file query-v7.pdb (PDB, N, CA and C atoms)
MODEL        1
ATOM      1  N   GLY A   3       0.792  -1.217   0.000
ATOM      2  CA  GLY A   3       0.000   0.000   0.000
ATOM      3  C   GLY A   3       0.829   1.274   0.000
ATOM      4  N   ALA A   4       2.099   1.166  -0.380
ATOM      5  CA  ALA A   4       2.985   2.312  -0.403
ATOM      6  C   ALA A   4       2.556   3.273  -1.505
ATOM      7  N   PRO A   5       3.062   4.513  -1.494
ATOM      8  CA  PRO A   5       2.534   5.514  -2.433
ATOM      9  C   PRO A   5       2.787   5.208  -3.881
ATOM     10  N   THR A   6       3.815   4.420  -4.216
ATOM     11  CA  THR A   6       4.047   3.956  -5.576
ATOM     12  C   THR A   6       3.787   2.456  -5.656
ATOM     13  N   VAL A   7       3.196   2.021  -6.761
ATOM     14  CA  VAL A   7       3.091   0.599  -7.092
ATOM     15  C   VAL A   7       3.929   0.319  -8.337
ATOM     16  N   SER A   8       4.704  -0.761  -8.288
ATOM     17  CA  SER A   8       5.490  -1.211  -9.427
ATOM     18  C   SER A   8       4.638  -2.059 -10.369
ATOM     19  N   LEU A   9       5.117  -2.194 -11.606
ATOM     20  CA  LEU A   9       4.400  -2.993 -12.590
ATOM     21  C   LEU A   9       4.256  -4.444 -12.166
ATOM     22  N   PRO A  10       5.283  -5.125 -11.653
ATOM     23  CA  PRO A  10       5.048  -6.520 -11.253
ATOM     24  C   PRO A  10       3.974  -6.655 -10.189
ATOM     25  N   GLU A  11       3.965  -5.776  -9.189
ATOM     26  CA  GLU A  11       2.923  -5.860  -8.173
ATOM     27  C   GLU A  11       1.569  -5.553  -8.781
ATOM     28  N   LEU A  12       1.500  -4.522  -9.617
ATOM     29  CA  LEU A  12       0.236  -4.163 -10.241
ATOM     30  C   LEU A  12      -0.327  -5.324 -11.053
ATOM     31  N   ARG A  13       0.517  -6.004 -11.833
ATOM     32  CA  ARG A  13       0.019  -7.116 -12.641
ATOM     33  C   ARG A  13      -0.585  -8.200 -11.762
ATOM     34  N   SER A  14       0.034  -8.495 -10.620
ATOM     35  CA  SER A  14      -0.529  -9.526  -9.754
ATOM     36  C   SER A  14      -1.800  -9.056  -9.065
ATOM     37  N   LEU A  15      -1.877  -7.776  -8.696
ATOM     38  CA  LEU A  15      -3.106  -7.273  -8.095
ATOM     39  C   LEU A  15      -4.257  -7.303  -9.090
ATOM     40  N   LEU A  16      -3.982  -7.017 -10.360
ATOM     41  CA  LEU A  16      -5.038  -7.085 -11.364
ATOM     42  C   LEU A  16      -5.496  -8.519 -11.579
ATOM     43  N   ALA A  17      -4.548  -9.453 -11.645
ATOM     44  CA  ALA A  17      -4.905 -10.852 -11.865
ATOM     45  C   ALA A  17      -5.724 -11.412 -10.714
ATOM     46  N   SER A  18      -5.506 -10.925  -9.494
ATOM     47  CA  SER A  18      -6.207 -11.419  -8.320
ATOM     48  C   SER A  18      -7.500 -10.675  -8.025
ATOM     49  N   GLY A  19      -7.813  -9.626  -8.774
ATOM     50  CA  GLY A  19      -9.016  -8.856  -8.520
ATOM     51  C   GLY A  19      -8.914  -7.915  -7.338
ATOM     52  N   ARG A  20      -7.705  -7.453  -7.010
ATOM     53  CA  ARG A  20      -7.477  -6.665  -5.808
ATOM     54  C   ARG A  20      -7.102  -5.206  -6.046
ATOM     55  N   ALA A  21      -6.905  -4.773  -7.292
ATOM     56  CA  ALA A  21      -6.624  -3.374  -7.605
ATOM     57  C   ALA A  21      -7.671  -2.826  -8.561
ATOM     58  N   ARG A  22      -7.977  -1.546  -8.387
ATOM     59  CA  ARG A  22      -8.801  -0.786  -9.309
ATOM     60  C   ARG A  22      -7.914   0.256  -9.960
ATOM     61  N   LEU A  23      -8.100   0.464 -11.253
ATOM     62  CA  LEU A  23      -7.272   1.360 -12.039
ATOM     63  C   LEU A  23      -8.052   2.614 -12.397
ATOM     64  N   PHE A  24      -7.377   3.756 -12.314
ATOM     65  CA  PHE A  24      -7.929   5.058 -12.694
ATOM     66  C   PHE A  24      -6.931   5.753 -13.613
ATOM     67  N   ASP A  25      -7.333   5.951 -14.869
ATOM     68  CA  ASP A  25      -6.556   6.695 -15.860
ATOM     69  C   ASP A  25      -6.916   8.162 -15.670
ATOM     70  N   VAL A  26      -5.955   8.966 -15.216
ATOM     71  CA  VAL A  26      -6.224  10.364 -14.895
ATOM     72  C   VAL A  26      -5.817  11.308 -16.020
ATOM     73  N   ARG A  27      -5.558  10.774 -17.212
ATOM     74  CA  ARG A  27      -5.349  11.611 -18.378
ATOM     75  C   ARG A  27      -6.683  12.195 -18.854
ATOM     76  N   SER A  28      -6.612  13.071 -19.851
ATOM     77  CA  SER A  28      -7.821  13.648 -20.414
ATOM     78  C   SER A  28      -8.665  12.567 -21.088
ATOM     79  N   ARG A  29      -9.948  12.885 -21.280
ATOM     80  CA  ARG A  29     -10.855  11.964 -21.952
ATOM     81  C   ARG A  29     -10.367  11.575 -23.353
ATOM     82  N   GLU A  30      -9.813  12.528 -24.112
ATOM     83  CA  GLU A  30      -9.354  12.203 -25.464
ATOM     84  C   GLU A  30      -8.109  11.326 -25.452
ATOM     85  N   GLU A  31      -7.288  11.431 -24.405
ATOM     86  CA  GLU A  31      -6.161  10.519 -24.265
ATOM     87  C   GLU A  31      -6.638   9.115 -23.925
ATOM     88  N   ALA A  32      -7.511   8.997 -22.922
ATOM     89  CA  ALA A  32      -7.953   7.675 -22.489
ATOM     90  C   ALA A  32      -8.782   6.972 -23.555
ATOM     91  N   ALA A  33      -9.551   7.730 -24.341
ATOM     92  CA  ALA A  33     -10.368   7.134 -25.394
ATOM     93  C   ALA A  33      -9.519   6.471 -26.467
ATOM     94  N   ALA A  34      -8.284   6.927 -26.641
ATOM     95  CA  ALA A  34      -7.400   6.383 -27.658
ATOM     96  C   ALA A  34      -6.682   5.125 -27.205
ATOM     97  N   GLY A  35      -6.852   4.738 -25.959
ATOM     98  CA  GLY A  35      -6.236   3.545 -25.449
ATOM     99  C   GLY A  35      -5.826   3.777 -24.023
ATOM    100  N   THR A  36      -5.999   2.755 -23.203
ATOM    101  CA  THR A  36      -5.710   2.842 -21.782
ATOM    102  C   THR A  36      -5.224   1.478 -21.311
ATOM    103  N   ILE A  37      -4.885   1.397 -20.035
ATOM    104  CA  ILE A  37      -4.608   0.093 -19.435
ATOM    105  C   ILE A  37      -5.930  -0.654 -19.308
ATOM    106  N   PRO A  38      -6.008  -1.901 -19.771
ATOM    107  CA  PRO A  38      -7.282  -2.621 -19.741
ATOM    108  C   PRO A  38      -7.928  -2.557 -18.371
ATOM    109  N   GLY A  39      -9.217  -2.216 -18.356
ATOM    110  CA  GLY A  39      -9.983  -2.134 -17.137
ATOM    111  C   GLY A  39      -9.973  -0.781 -16.459
ATOM    112  N   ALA A  40      -9.156   0.155 -16.909
ATOM    113  CA  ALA A  40      -9.038   1.419 -16.198
ATOM    114  C   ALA A  40     -10.248   2.314 -16.416
ATOM    115  N   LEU A  41     -10.667   2.970 -15.347
ATOM    116  CA  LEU A  41     -11.723   3.973 -15.403
ATOM    117  C   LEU A  41     -11.089   5.341 -15.616
ATOM    118  N   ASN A  42     -11.579   6.099 -16.594
ATOM    119  CA  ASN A  42     -11.020   7.420 -16.870
ATOM    120  C   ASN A  42     -11.683   8.465 -15.974
ATOM    121  N   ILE A  43     -10.900   9.011 -15.047
ATOM    122  CA  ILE A  43     -11.280  10.199 -14.285
ATOM    123  C   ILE A  43     -10.147  11.188 -14.472
ATOM    124  N   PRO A  44     -10.257  12.103 -15.431
ATOM    125  CA  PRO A  44      -9.186  13.086 -15.624
ATOM    126  C   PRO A  44      -8.837  13.761 -14.304
ATOM    127  N   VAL A  45      -7.550  14.066 -14.134
ATOM    128  CA  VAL A  45      -7.123  14.630 -12.860
ATOM    129  C   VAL A  45      -7.884  15.916 -12.536
ATOM    130  N   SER A  46      -8.251  16.703 -13.551
ATOM    131  CA  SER A  46      -9.011  17.928 -13.321
ATOM    132  C   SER A  46     -10.432  17.671 -12.829
ATOM    133  N   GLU A  47     -10.949  16.455 -13.001
ATOM    134  CA  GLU A  47     -12.253  16.045 -12.491
ATOM    135  C   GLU A  47     -12.176  15.300 -11.168
ATOM    136  N   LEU A  48     -10.987  14.892 -10.736
ATOM    137  CA  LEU A  48     -10.887  13.890  -9.676
ATOM    138  C   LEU A  48     -11.364  14.412  -8.329
ATOM    139  N   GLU A  49     -11.049  15.657  -7.985
ATOM    140  CA  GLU A  49     -11.540  16.206  -6.727
ATOM    141  C   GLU A  49     -13.058  16.129  -6.671
ATOM    142  N   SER A  50     -13.722  16.592  -7.726
ATOM    143  CA  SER A  50     -15.174  16.553  -7.737
ATOM    144  C   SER A  50     -15.691  15.122  -7.719
ATOM    145  N   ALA A  51     -15.012  14.202  -8.416
ATOM    146  CA  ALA A  51     -15.433  12.800  -8.393
ATOM    147  C   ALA A  51     -15.361  12.208  -6.990
ATOM    148  N   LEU A  52     -14.296  12.507  -6.253
ATOM    149  CA  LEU A  52     -14.159  11.967  -4.908
ATOM    150  C   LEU A  52     -15.057  12.679  -3.909
ATOM    151  N   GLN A  53     -15.518  13.887  -4.220
ATOM    152  CA  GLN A  53     -16.405  14.622  -3.324
ATOM    153  C   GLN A  53     -17.873  14.353  -3.592
ATOM    154  N   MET A  54     -18.244  13.938  -4.798
ATOM    155  CA  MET A  54     -19.655  13.872  -5.134
ATOM    156  C   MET A  54     -20.306  12.645  -4.507
ATOM    157  N   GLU A  55     -21.629  12.703  -4.391
ATOM    158  CA  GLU A  55     -22.335  11.594  -3.785
ATOM    159  C   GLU A  55     -22.197  10.324  -4.631
ATOM    160  N   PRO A  56     -22.253   9.148  -3.996
ATOM    161  CA  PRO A  56     -22.078   7.897  -4.759
ATOM    162  C   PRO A  56     -22.985   7.757  -5.976
ATOM    163  N   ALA A  57     -24.265   8.113  -5.876
ATOM    164  CA  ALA A  57     -25.134   7.962  -7.037
ATOM    165  C   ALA A  57     -24.730   8.908  -8.161
ATOM    166  N   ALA A  58     -24.212  10.089  -7.822
ATOM    167  CA  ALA A  58     -23.740  11.011  -8.850
ATOM    168  C   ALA A  58     -22.481  10.486  -9.527
ATOM    169  N   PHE A  59     -21.599   9.860  -8.755
ATOM    170  CA  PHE A  59     -20.421   9.226  -9.331
ATOM    171  C   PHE A  59     -20.825   8.117 -10.302
ATOM    172  N   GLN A  60     -21.757   7.264  -9.885
ATOM    173  CA  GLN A  60     -22.214   6.192 -10.759
ATOM    174  C   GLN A  60     -22.802   6.760 -12.044
ATOM    175  N   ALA A  61     -23.598   7.824 -11.930
ATOM    176  CA  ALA A  61     -24.200   8.414 -13.120
ATOM    177  C   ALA A  61     -23.129   8.918 -14.088
ATOM    178  N   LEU A  62     -22.137   9.652 -13.582
ATOM    179  CA  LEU A  62     -21.181  10.282 -14.488
ATOM    180  C   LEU A  62     -20.177   9.281 -15.043
ATOM    181  N   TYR A  63     -19.691   8.372 -14.198
ATOM    182  CA  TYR A  63     -18.573   7.496 -14.537
ATOM    183  C   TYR A  63     -18.974   6.055 -14.839
ATOM    184  N   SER A  64     -20.233   5.679 -14.615
ATOM    185  CA  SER A  64     -20.722   4.333 -14.923
ATOM    186  C   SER A  64     -19.959   3.261 -14.151
ATOM    187  N   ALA A  65     -19.613   3.565 -12.904
ATOM    188  CA  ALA A  65     -18.883   2.656 -12.030
ATOM    189  C   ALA A  65     -19.177   3.091 -10.601
ATOM    190  N   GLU A  66     -18.889   2.208  -9.648
ATOM    191  CA  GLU A  66     -19.154   2.507  -8.247
ATOM    192  C   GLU A  66     -18.051   3.391  -7.664
ATOM    193  N   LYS A  67     -18.450   4.378  -6.875
ATOM    194  CA  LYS A  67     -17.488   5.267  -6.241
ATOM    195  C   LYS A  67     -16.599   4.464  -5.294
ATOM    196  N   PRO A  68     -15.288   4.671  -5.306
ATOM    197  CA  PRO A  68     -14.441   4.004  -4.320
ATOM    198  C   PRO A  68     -14.763   4.474  -2.911
ATOM    199  N   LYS A  69     -14.404   3.642  -1.942
ATOM    200  CA  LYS A  69     -14.591   3.924  -0.524
ATOM    201  C   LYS A  69     -13.239   4.217   0.112
ATOM    202  N   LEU A  70     -13.259   5.009   1.194
ATOM    203  CA  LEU A  70     -12.008   5.451   1.801
ATOM    204  C   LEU A  70     -11.179   4.278   2.283
ATOM    205  N   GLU A  71     -11.828   3.181   2.654
ATOM    206  CA  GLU A  71     -11.129   2.002   3.138
ATOM    207  C   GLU A  71     -10.644   1.091   2.015
ATOM    208  N   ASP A  72     -10.772   1.492   0.749
ATOM    209  CA  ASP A  72     -10.389   0.571  -0.307
ATOM    210  C   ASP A  72      -8.880   0.458  -0.364
ATOM    211  N   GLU A  73      -8.397  -0.712  -0.760
ATOM    212  CA  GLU A  73      -6.976  -0.822  -1.003
ATOM    213  C   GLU A  73      -6.671  -0.830  -2.500
ATOM    214  N   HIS A  74      -5.457  -0.415  -2.832
ATOM    215  CA  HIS A  74      -4.931  -0.500  -4.178
ATOM    216  C   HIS A  74      -5.830   0.202  -5.187
ATOM    217  N   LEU A  75      -6.137   1.462  -4.874
ATOM    218  CA  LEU A  75      -6.740   2.379  -5.835
ATOM    219  C   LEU A  75      -5.571   2.984  -6.612
ATOM    220  N   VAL A  76      -5.344   2.500  -7.827
ATOM    221  CA  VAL A  76      -4.126   2.792  -8.574
ATOM    222  C   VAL A  76      -4.418   3.838  -9.643
ATOM    223  N   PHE A  77      -3.739   4.977  -9.539
ATOM    224  CA  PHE A  77      -3.870   6.084 -10.475
ATOM    225  C   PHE A  77      -2.670   6.105 -11.410
ATOM    226  N   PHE A  78      -2.897   6.543 -12.655
ATOM    227  CA  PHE A  78      -1.782   6.651 -13.587
ATOM    228  C   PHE A  78      -2.091   7.656 -14.690
ATOM    229  N   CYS A  79      -1.023   8.213 -15.265
ATOM    230  CA  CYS A  79      -1.111   8.941 -16.532
ATOM    231  C   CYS A  79      -0.161   8.270 -17.529
ATOM    232  N   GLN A  80       0.376   8.983 -18.528
ATOM    233  CA  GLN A  80       1.289   8.335 -19.479
ATOM    234  C   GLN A  80       2.753   8.399 -19.053
ATOM    235  N   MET A  81       3.110   9.289 -18.118
ATOM    236  CA  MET A  81       4.512   9.454 -17.740
ATOM    237  C   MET A  81       4.748   9.720 -16.256
ATOM    238  N   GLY A  82       3.704   9.735 -15.424
ATOM    239  CA  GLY A  82       3.829   9.729 -13.976
ATOM    240  C   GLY A  82       3.300  10.971 -13.281
ATOM    241  N   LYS A  83       3.406  12.140 -13.919
ATOM    242  CA  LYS A  83       3.209  13.389 -13.193
ATOM    243  C   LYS A  83       1.757  13.610 -12.794
ATOM    244  N   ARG A  84       0.809  13.397 -13.718
ATOM    245  CA  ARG A  84      -0.600  13.537 -13.351
ATOM    246  C   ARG A  84      -1.054  12.400 -12.441
ATOM    247  N   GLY A  85      -0.507  11.200 -12.629
ATOM    248  CA  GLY A  85      -0.803  10.115 -11.706
ATOM    249  C   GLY A  85      -0.350  10.420 -10.292
ATOM    250  N   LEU A  86       0.823  11.039 -10.155
ATOM    251  CA  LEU A  86       1.293  11.466  -8.840
ATOM    252  C   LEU A  86       0.370  12.529  -8.241
ATOM    253  N   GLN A  87       0.031  13.548  -9.032
ATOM    254  CA  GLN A  87      -0.883  14.580  -8.568
ATOM    255  C   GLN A  87      -2.202  13.970  -8.102
ATOM    256  N   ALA A  88      -2.749  13.029  -8.875
ATOM    257  CA  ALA A  88      -4.017  12.403  -8.520
ATOM    258  C   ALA A  88      -3.887  11.593  -7.242
ATOM    259  N   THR A  89      -2.778  10.866  -7.085
ATOM    260  CA  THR A  89      -2.596  10.036  -5.901
ATOM    261  C   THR A  89      -2.522  10.897  -4.654
ATOM    262  N   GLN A  90      -1.737  11.967  -4.726
ATOM    263  CA  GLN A  90      -1.639  12.888  -3.599
ATOM    264  C   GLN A  90      -2.993  13.507  -3.268
ATOM    265  N   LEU A  91      -3.750  13.893  -4.292
ATOM    266  CA  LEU A  91      -5.073  14.456  -4.065
ATOM    267  C   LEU A  91      -5.973  13.453  -3.351
ATOM    268  N   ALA A  92      -6.016  12.224  -3.869
ATOM    269  CA  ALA A  92      -6.870  11.212  -3.269
ATOM    270  C   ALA A  92      -6.462  10.940  -1.826
ATOM    271  N   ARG A  93      -5.159  10.779  -1.575
ATOM    272  CA  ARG A  93      -4.708  10.583  -0.203
ATOM    273  C   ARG A  93      -5.145  11.741   0.685
ATOM    274  N   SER A  94      -5.077  12.971   0.175
ATOM    275  CA  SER A  94      -5.403  14.142   0.982
ATOM    276  C   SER A  94      -6.868  14.186   1.376
ATOM    277  N   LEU A  95      -7.729  13.475   0.653
ATOM    278  CA  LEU A  95      -9.151  13.391   0.945
ATOM    279  C   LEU A  95      -9.503  12.154   1.753
ATOM    280  N   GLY A  96      -8.497  11.397   2.188
ATOM    281  CA  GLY A  96      -8.699  10.283   3.083
ATOM    282  C   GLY A  96      -8.618   8.908   2.452
ATOM    283  N   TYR A  97      -8.311   8.806   1.155
ATOM    284  CA  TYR A  97      -8.227   7.509   0.476
ATOM    285  C   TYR A  97      -6.840   6.930   0.703
ATOM    286  N   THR A  98      -6.706   6.207   1.811
ATOM    287  CA  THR A  98      -5.406   5.694   2.230
ATOM    288  C   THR A  98      -4.880   4.612   1.298
ATOM    289  N   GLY A  99      -5.729   4.044   0.446
ATOM    290  CA  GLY A  99      -5.350   3.040  -0.524
ATOM    291  C   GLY A  99      -4.900   3.575  -1.860
ATOM    292  N   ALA A 100      -4.844   4.893  -2.027
ATOM    293  CA  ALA A 100      -4.425   5.469  -3.296
ATOM    294  C   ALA A 100      -2.933   5.259  -3.513
ATOM    295  N   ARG A 101      -2.583   4.799  -4.710
ATOM    296  CA  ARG A 101      -1.204   4.555  -5.097
ATOM    297  C   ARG A 101      -0.996   5.002  -6.539
ATOM    298  N   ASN A 102       0.228   5.446  -6.860
ATOM    299  CA  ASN A 102       0.584   5.905  -8.202
ATOM    300  C   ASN A 102       1.352   4.800  -8.909
ATOM    301  N   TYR A 103       0.891   4.415 -10.098
ATOM    302  CA  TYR A 103       1.698   3.557 -10.962
ATOM    303  C   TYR A 103       2.684   4.472 -11.704
ATOM    304  N   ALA A 104       3.837   4.699 -11.064
ATOM    305  CA  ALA A 104       4.791   5.701 -11.545
ATOM    306  C   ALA A 104       5.357   5.364 -12.919
ATOM    307  N   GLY A 105       5.539   4.079 -13.227
ATOM    308  CA  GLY A 105       6.004   3.718 -14.562
ATOM    309  C   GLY A 105       5.048   4.193 -15.641
ATOM    310  N   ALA A 106       3.753   4.158 -15.339
ATOM    311  CA  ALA A 106       2.722   4.823 -16.137
ATOM    312  C   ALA A 106       2.438   4.141 -17.478
ATOM    313  N   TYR A 107       1.556   4.742 -18.291
ATOM    314  CA  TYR A 107       1.085   4.060 -19.498
ATOM    315  C   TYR A 107       2.209   3.801 -20.499
ATOM    316  N   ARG A 108       3.183   4.705 -20.620
ATOM    317  CA  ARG A 108       4.260   4.411 -21.564
ATOM    318  C   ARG A 108       5.040   3.168 -21.151
ATOM    319  N   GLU A 109       5.287   2.976 -19.842
ATOM    320  CA  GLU A 109       5.939   1.741 -19.408
ATOM    321  C   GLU A 109       5.038   0.551 -19.643
ATOM    322  N   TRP A 110       3.745   0.697 -19.350
ATOM    323  CA  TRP A 110       2.810  -0.380 -19.619
ATOM    324  C   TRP A 110       2.952  -0.854 -21.064
ATOM    325  N   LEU A 111       2.988   0.095 -21.996
ATOM    326  CA  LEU A 111       3.095  -0.246 -23.410
ATOM    327  C   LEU A 111       4.450  -0.858 -23.748
ATOM    328  N   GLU A 112       5.507  -0.395 -23.070
ATOM    329  CA  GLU A 112       6.875  -0.847 -23.304
ATOM    330  C   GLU A 112       7.087  -2.277 -22.833
ATOM    331  N   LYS A 113       6.438  -2.658 -21.736
ATOM    332  CA  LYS A 113       6.625  -3.966 -21.126
ATOM    333  C   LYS A 113       5.527  -4.956 -21.494
ATOM    334  N   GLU A 114       4.546  -4.535 -22.285
ATOM    335  CA  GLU A 114       3.525  -5.448 -22.772
ATOM    336  C   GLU A 114       4.165  -6.471 -23.702
ATOM    337  N   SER A 115       3.734  -7.723 -23.581
ATOM    338  CA  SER A 115       4.305  -8.801 -24.382
ATOM    339  C   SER A 115       3.947  -8.625 -25.853
TER     340      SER A 115
ENDMDL
END
call {"tool": "encode", "arguments": {"input": "query-v7.pdb", "output": "structure tokens"}}
result
Amino acid sequence: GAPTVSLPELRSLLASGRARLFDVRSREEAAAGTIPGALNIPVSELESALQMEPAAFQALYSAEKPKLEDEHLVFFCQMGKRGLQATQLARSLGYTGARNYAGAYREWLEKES
């Protein structure tokens, strides 16, 4: 649950059903391709997403709002910086399970088989 998650740990958390992914790039970036399973919440929307009521989150994002007690809420962008910003923001609002995939989408693409 440390502030950064590495790719090997992330791959095992995804295979076990224990991590949720959040692509914090813009909508036009995420629409062009993302890490499989990732929910797009652009970093500029993330504060409002974490503050809004659960039913409003479901309406806008078509997924269930995370809970403060969740583990392995993994944020990422393509090169680390927005993922870091998002992780810090989420932690600051009480999401102790927020972690940054610092290697980010470019590493994901680089290490994909």
call {"tool": "closest_residue", "arguments": {"input": "query-v7.pdb", "among": "A:68, A:56, A:44, A:99", "to": "residue 27 of chain A", "atoms": "only N, CA and C atoms"}}
result
A:44
call {"tool": "atom_distance", "arguments": {"input": "query-v7.pdb", "atom1": "atom C of residue 7 of chain A", "atom2": "atom CA of residue 45 of chain A"}}
result
18.6 Å
call {"tool": "select_by_dssp", "arguments": {"input": "query-v7.pdb", "residues": "chain A", "states": "strand (DSSP E or B)", "output": "PyMOL selection string"}}
result
chain A and resi 6+22-25+41-42+75-78+100-102
call {"tool": "resolve_selection", "arguments": {"input": "query-v7.pdb", "expression": "the PyMOL selection byres (((chain A and resi 76 and name CA) around 7) and name CA)", "output": "PyMOL selection string"}}
result
chain A and resi 21-24+74-75+77-78+100-103
call {"tool": "select_by_dssp", "arguments": {"input": "query-v7.pdb", "residues": "chain A", "states": "alpha helix (DSSP H)", "output": "PyMOL selection string"}}
result
chain A and resi 9-18+29-33+45-53+56-63+83-94+106-113
call {"tool": "closest_residue", "arguments": {"input": "query-v7.pdb", "among": "A:57, A:106, A:39, A:67", "to": "residue 86 of chain A", "atoms": "only C-alpha atoms"}}
result
A:106
call {"tool": "atom_distance", "arguments": {"input": "query-v7.pdb", "atom1": "atom CA of residue 14 of chain A", "atom2": "atom CA of residue 108 of chain A"}}
result
18.9 Å
call {"tool": "atom_distance", "arguments": {"input": "query-v7.pdb", "atom1": "atom C of residue 94 of chain A", "atom2": "atom CA of residue 33 of chain A"}}
result
27.9 Å
call {"tool": "closest_residue", "arguments": {"input": "query-v7.pdb", "among": "A:4, A:79, A:15, A:62", "to": "residue 109 of chain A", "atoms": "only C-alpha atoms"}}
result
A:79
call {"tool": "resolve_selection", "arguments": {"input": "query-v7.pdb", "expression": "the PyMOL selection byres (((chain A and resi 52 and name CA) around 10) and name CA)", "output": "list in words"}}
result
residues 43, 47, 48, 49, 50, 51, 53, 54, 55, 56, 59, 67, 68, 69, 70, 91, 92, 95, 96 and 97 of chain A
call {"tool": "closest_residue", "arguments": {"input": "query-v7.pdb", "among": "A:34, A:98, A:41, A:114", "to": "residue 66 of chain A", "atoms": "only C-alpha atoms"}}
result
A:41
